[PDB]
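*Asks:* Give me coordinates for this.
(5 chains, ligands or ions: 5)
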Amino acid sequence: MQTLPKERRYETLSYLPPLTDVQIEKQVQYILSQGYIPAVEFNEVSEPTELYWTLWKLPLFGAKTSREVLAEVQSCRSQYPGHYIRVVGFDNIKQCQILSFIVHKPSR
Amino acid sequence: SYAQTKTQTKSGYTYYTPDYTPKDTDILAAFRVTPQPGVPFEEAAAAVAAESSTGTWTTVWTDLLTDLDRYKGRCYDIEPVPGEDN
Amino acid sequence: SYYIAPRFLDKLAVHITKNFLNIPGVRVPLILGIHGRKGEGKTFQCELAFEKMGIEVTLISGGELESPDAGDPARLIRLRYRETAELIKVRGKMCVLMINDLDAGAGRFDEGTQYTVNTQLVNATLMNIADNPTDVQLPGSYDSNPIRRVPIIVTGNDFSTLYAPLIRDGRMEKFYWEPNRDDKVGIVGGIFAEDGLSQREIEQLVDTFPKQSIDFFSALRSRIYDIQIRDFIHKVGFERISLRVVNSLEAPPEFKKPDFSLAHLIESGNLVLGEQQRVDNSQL
Amino acid sequence: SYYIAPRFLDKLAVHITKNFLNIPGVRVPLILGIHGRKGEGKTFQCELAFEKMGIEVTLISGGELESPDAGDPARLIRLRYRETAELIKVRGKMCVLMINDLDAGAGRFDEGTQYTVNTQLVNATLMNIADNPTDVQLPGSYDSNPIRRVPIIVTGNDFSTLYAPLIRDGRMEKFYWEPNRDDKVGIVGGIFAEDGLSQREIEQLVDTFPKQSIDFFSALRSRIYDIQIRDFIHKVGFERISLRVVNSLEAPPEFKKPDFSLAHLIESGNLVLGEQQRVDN
Amino acid sequence: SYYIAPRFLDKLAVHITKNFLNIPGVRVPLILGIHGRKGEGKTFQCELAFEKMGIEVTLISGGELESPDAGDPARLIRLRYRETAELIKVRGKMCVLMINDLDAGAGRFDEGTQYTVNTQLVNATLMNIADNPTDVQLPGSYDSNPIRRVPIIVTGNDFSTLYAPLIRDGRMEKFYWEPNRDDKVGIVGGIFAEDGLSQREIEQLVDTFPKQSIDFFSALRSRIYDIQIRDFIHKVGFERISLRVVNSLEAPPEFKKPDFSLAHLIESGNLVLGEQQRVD
Ligand SMILES: Nc1ncnc2c1ncn2[C@@H]1O[C@H](COP(=O)(O)OP(=O)(O)OP(O)(O)=S)[C@@H](O)[C@H]1O
Ligand SMILES: Nc1ncnc2c1ncn2[C@@H]1O[C@H](COP(=O)(O)OP(=O)(O)OP(O)(O)=S)[C@@H](O)[C@H]1O
Ligand SMILES: Nc1ncnc2c1ncn2[C@@H]1O[C@H](COP(=O)(O)OP(=O)(O)O)[C@@H](O)[C@H]1O
Ligand SMILES: [Mg+2]
Ligand SMILES: [Mg+2]
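*Replies:* Residues are numbered from 1 along each chain as shown, chains lettered A, B, ... in the order given. Ligands and ions are numbered 1, 2, ... in the order given. Here you go, the structure:
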């Protein structure tokens, strides 16, 4: 028998081992293949109560390749090293978010 | 002059529509319209259908997050009034 | 049992084996083009040759090189090339990609005839593969991985109507096929080998009809079998000839070997010549 | 060991250096075009010149400039330009983008030929990069960051069949390649350098076949190996020539260097001419 | 300090003046179109003339309304026309809007040989403005108040057949501008004024190439550093030309002012002639 350690979680895909740059590339590729609009969000604090995160620039309406999305994540990461960063996917027809996952956590 | 016929290969990939047929679950409206001098009939009808529904001539980032054809009123028929100008 | 000309066998054997060998300081052409008059035995003798050596063939039709999608015939040649490259790695034998009748694929005839971008891009793609055999890629998938070199055989009627930079000594080895008297005697003799004719008789057959393609003599045998077949149709009857060839649970009809003589063969050959002349001497 | 023509070398070296150097007042063209006759040494010689100077090359295929997606090939060029632009900032040396065989990608064959929207876009993209090399951005981005200038090398067969605004004095420096007597002697001399021929003999070979492309000499060079291979196939046998060459656990067959005499080479040269004459007829 | 031809200036003056003037009984063409060979300097002359006059200019790219992925030409030409009209009131000076390569620079091969959907839109938009210049309407926010009329200039190689109505109506004026000997001397003289060439020298250059575009003579100045660069490469050596220049912290390369002589220009001229000859 083993007792479970107390650890803070971050919604979807937070239980799996930390995502590699190849794995994040594959998840973003899924968003573009379905035809959803990718967007980057960032926040100072991670709380269950708050549901709005400050939008990074604007939604990427004209994205052809997954490399364009990852380049926008790296721009926000270099600017804000101590902020949480997540990737969201807007659907226009259903008018709802389809995928949302955290890509960066505050360094030290 | 040299004219030719051809076969081709293909690469592949908004308010006044007279082709549209009204549905059984639609709200229909009749307007008696009088435009200002120097304004076309089809332009005036398209202006009424736009301004009474959603408006939105210029597309913003918020507008692209939704369907544009789903929530939109359209003009489908123009009929002239007998013995009257414009 | 068919005769293959030694000239034709040597030219094919050398070009293919040379590509798989890596002789240092030798630049080798990837594509072998064979061109000549119609029905001289370009395609047929290839299929005899590949069967003898027991090497794998991938076939591209000439009329396949046009589609309603832009740069889709160009995509096909790359795909078929990569599939052949896998066969060498797995099966462990020589493999050959063969594009037959390329003249009708990517050639311009007159000035009036309107064409499409695909013709331009098919010729573009064939030049690239000839340049870089190891590096063939697909659109949307870029991976740095070398693949094995595959030789290509091309058959055509006329090469004059084809993009010039694609036909040069470095990029493509050229071969003209026009069989001589000795080649004719050997090939025709190979067709009638089972029938049993003397050497002098076979000489006479070529002498009587000298300005003739190989196909002429293979077409000659078909006309000798007419009488036997016609008589068979009559005995069965026209009413129920159909339900006796397609789906019948009976032993197939047997035919005896007709009297293969010089006199009979000559008469038949004269009749075919008359049939050819009729189409040539037509008004409108 | 291969000879590069000084004319060809000096033309490349200036254009590439001039792009990286900044001289006030002077307008410098971004693209250099090399055009001439088939198999005269346009692609081959560029490779040699990029080896001696030791510079990084980004290649684009000719027939890559059309896709069953609208916009897609035009996006390809901008992406490859920016990838080469980053390489300069990282590696710390010259980098060049070469598009080979641009005649069969964008070039209008004739009036008859019908084109799509993709061919329109590729001409439209190349005009933009040639005007604003420092300011290149992808269609629909929020970056807009000044990037490094990258010179472009372009090779083709006929520039007469190529969009007219692209071939302009300020936009593209054109260059015509045609080897002379001295140039031929040098190059052909470089091919047969291991063979061992006297100067007089080399002169005679060029004199015999004066109106010939460079590839023509390489064709006969490679051909002085046919008899050896043919003899090898016969001894092994036709029935087992595939297993003896593909999946063999033996030693590769060695081939002794054939006789390279002027009389034998002229004989072989006449044979190749005879093959071309037969096609021509 | 570039020379302007008197004829070119006159044609611009009269068109702009007459439109702004308010003389009764007189009809004036709104649109002026200029057609000529490429690298004649039609665009360059227009920009210069406006500076001397001091009149504000609005420029619209030919490729900006020709591209399929640009927007809407019909909505664009209207928007630019209104904005130019606002300048007159605020700025208090004459304002002109001009278009370059209306049927060119799109990337298409035809160059007005075959019409497009986009080609039709410009014709439609222009015709509406030419008939009713005083009132121009956007999709929304229709204003009753009139706008000041604005002159339009257009430059190209040639004009399409679709425009023939306007020209017959006399609503459009077509000017064909071709350079002469006197014009050549002026333009060539202005380019090389800073270098310092005698009158006799300038005459010789034009005489060497009697049938040449204006662009060619301007392009000659660029190939003066070629000898210096070629000689420089040799001292450095081919092995390491790149590394020193591309990404190394050293003194930047220094070039002495090129000597200007007629002999050098003739030699350079011949090379460009040869290249252009072989390409076409
Ligand atoms: N060597 C042969 N032995 C027996 N029959 C042959 C032989 N050569 C040709 N034939 C016959 O003649 C026909 C000639 O076929 P091909 O090889 O297609 O000629 P071809 O020159 O390739 O035709 P083109 O130019 O593509 S229309 C064959 O199908 C055989 O029936
Ligand atoms: N300088 C050289 N030294 C040794 N071999 C050369 C040399 N130049 C050309 N060759 C040979 O001739 C061939 C010519 O190749 P290319 O440079 O591709 O010709 P090209 O002018 O680009 O032909 P097109 O117009 O693209 S088809 C090479 O593959 C070599 O075999
Ligand atoms: N009067 C002039 N003085 C100096 N350069 C001129 C003059 N006219 C034209 N040019 C040159 O012409 C080129 C631009 O040509 P452009 O005005 O676009 O001509 P076009 O519109 O007829 O094609 C520039 O290199 C510019 O220096
Ligand atoms: Mg055949
Ligand atoms: Mg080449």
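*Asks:* ranges for the helices of chain C?
*Replies:* Secondary structure of chain C (DSSP state H): helices at C:6-20, C:42-53, C:73-91, C:117-131, C:181-191, C:199-208, C:215-220, C:226-236, C:262-280.
*Asks:* Okay, buried residues for the last one please.
*Replies:* Of the residues in helix C:262-280, those scored as buried under the neighbour-count criterion (16 or more other CB atoms under 10 Å in any protein chain shown) are C:265, C:268, C:269, C:272. Where you see a C-beta, it was placed from the backbone N, CA and C, and this is true even at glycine.
*Asks:* State the number of residues packed around the residue lying closest to residue B:42 once chain neighbours are set aside.
*Replies:* Once flanking residues are discounted, residue B:42 sits nearest to residue B:16: 5.8 Å by CB to CB, 6 or more residues apart in numbering or on different chains. Look at residue B:16: counted by other CB atoms under 10 Å in any protein chain shown, it has 18 neighbours.
*Asks:* Hmm, residue B:49 and residue B:16 touching each other?
*Replies:* Yes - the pair residue B:16 / residue B:49 is scored as a contact, 6.7 Å apart, by CB atoms under 8 Å.
*Asks:* picking that back up, deepest-packed of the helices of chain C, please.
*Replies:* Highest mean neighbour count of these: helix C:117-131, a mean of 23 (counted as mean count of other CB atoms under 10 Å in any protein chain shown).
*Asks:* picking up where we left off before, right, so of the helices of chain C, which gets closest to chain E?
*Replies:* Among the helices of chain C, helix C:117-131 comes nearest to chain E, with 12.3 Å by CB to the nearest CB.
*Asks:* which helices and strands does that closest one pack with?
*Replies:* helix C:73-91 (3 or more CB pairs under 8 Å, 6 or more residues apart in numbering or on different chains; DSSP states H and E).
*Asks:* Please work out the residue of chain A nearest to ligand 3 and name it.
*Replies:* At 31.8 Å from ligand 3, residue A:62 is the closest residue in chain A, using CB to the nearest ligand atom.
*Asks:* Now do the closest residue to that residue other than its chain neighbours against residue B:63, distance only.
*Replies:* Leaving aside its chain neighbours, residue A:62 sits nearest to residue D:140 (2.7 Å; criterion: CB to CB, 6+ apart). According to CB to CB, to the nearest Å, residue D:140 and residue B:63 sit 16 Å apart.
*Asks:* Quick check: bridge partners of residue A:84?
*Replies:* residue A:43 (DSSP bridges).
*Asks:* residues in contact with it?
*Replies:* When contacts are counted by CB atoms under 8 Å, 6 or more residues apart in numbering or on different chains, residue A:84 touches A:42, A:43, A:44, A:45, A:46, A:53, A:102, A:104, A:105, A:106.
*Asks:* ok, the fifth one touching residue A:10?
*Replies:* Yes - because the distance of 6.5 Å satisfies CB under 8 Å, residue A:46 is recorded as touching residue A:10.
*Asks:* And these two? Which one has more around it.
*Replies:* For residue A:46 versus residue A:10, neighbours defined as other CB under 10 Å are more numerous around residue A:46 (17 against 13).
*Asks:* ok, that one - contacts?
*Replies:* By CB under 8 Å, 6+ apart, the neighbours of residue A:46 are A:8, A:10, A:84.
*Asks:* can you tell me how far it sits from residue E:51?
*Replies:* 59 Å.
*Asks:* can you check residue C:274 too?
*Replies:* For residue C:274, the distance to residue E:51 - CB to CB - is 87 Å.
*Asks:* I'd like to know how many residues surround the residue of chain A found nearest chain C.
*Replies:* In chain A, no residue comes nearer to chain C than residue A:65, which is 10.3 Å away by CB to the nearest CB. Look at residue A:65: counted by other CB under 10 Å, it has 14 neighbours.
*Asks:* Quick check: residues of chain C near ligand 2?
*Replies:* Within chain C, the residues that sit near ligand 2 (CB under 6 Å from any ligand atom) are C:27, C:165, C:170.
*Asks:* what about the first one, neighbour count?
*Replies:* So the one you mean is residue C:27. Neighbour tally, residue C:27, other CB under 10 Å: 11.
*Asks:* The one 4 residues further on too?
*Replies:* Residue C:31 has 22 neighbouring residues, counting by other CB under 10 Å.
*Asks:* bridging residues for it?
*Replies:* Note on residue C:31: beta-bridge partners by DSSP bridges are residue C:152, residue C:172.
*Asks:* how about the helices in chain A?
*Replies:* For chain A, applying DSSP H gives helices covering A:21-34, A:66-79.
*Asks:* Just tell me which of those helices ends up closest to residue B:72.
*Replies:* Closest of those to residue B:72 is helix A:21-34, at 25.0 Å (criterion: CB to CB).
*Asks:* Much appreciated, bye for now.
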